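Residue numbers begin at 1 in each chain, while the letters A, B, ... track the order of the sequences.
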Amino acid sequence: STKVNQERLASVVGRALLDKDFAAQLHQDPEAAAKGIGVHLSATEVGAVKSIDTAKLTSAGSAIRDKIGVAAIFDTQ
Amino acid sequence: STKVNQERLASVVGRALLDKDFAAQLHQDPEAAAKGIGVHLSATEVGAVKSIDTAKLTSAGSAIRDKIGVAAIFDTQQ
């Protein structure tokens, strides 16, 4: 689609919710951050991602970030 | 992976950030909400998803929800 590839956008903003360092990189430099994980944001998607307030995302994400991080380190197959 | 399939989890919580109604279905009934979009959450991922406060997620996502919603309706192919 031209403006919204909603599954690729979900991968990007979902990672931001799950990853404070990625969220911050994405807020500072969205097209480049998303390219680094293999996603192309349209100019529509870049402006939408910039409308995510980092403090508000941290407030929403801080609990799940902690819980998924502890699980990830020694995760098995 | 047993506990964390991080790309599938990102698809799920990313959709929640972008979709108030999905976020609410996921909070109420996480395993079934995720199955509905073809994701299997581990019990670890279910407890993790339950730790997303709906009001806090709405606060974080209200602006991007509005902006993506208006763009999506008449979106074209390239």
Hey, could you give me the NZ/CG distance between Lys56(B) and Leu57(A), rounded to the nearest 0.5 Å? 12.5 Å
Please rank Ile64(B), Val13(B), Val70(B), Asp19(B) by heavy-atom pairs under 4.5 Å with chain A and give me the top one. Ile64(B)
Side-chain donor or acceptor of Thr2(A) paired with backbone N/O of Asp75(B) under 3.5 Å: no
List the atom of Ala72(B), the atom of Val4(A), and the distance in Å for their closest heavy-atom pair. N-CG2, 4.2 Å
For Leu9(B), which atoms come within 4.5 Å of any heavy atom of chain A: side chain, backbone, both, or neither? both
Nearest-0.5 Å distance, CD1 of residue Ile68(A) to NZ of residue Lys3(B): 10.0 Å
Within the 4.5 Å heavy-atom criterion, are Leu17(A) and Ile52(B) side-chain neighbours or not? yes
In terms of heavy-atom proximity below 4.5 Å to chain A, should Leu18(B) be classed as side chain, backbone, both, or neither? side chain
Just verifying a value: how many Å separate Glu7(B) CD and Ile37(A) CD1, rounded to the nearest 0.5 Å? 6.5 Å
Atom pair NZ (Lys50(B)) and NZ (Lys67(A)), whose distance is rounded to the nearest 0.5 Å: 10.0 Å
Can you tell which of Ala48(A), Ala63(A), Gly47(A) has the highest number of heavy-atom pairs within less than 4.5 Å of chain B? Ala48(A)
Is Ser11(B) close to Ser11(A) at the side-chain level, that is, under 4.5 Å between some pair of heavy atoms? yes
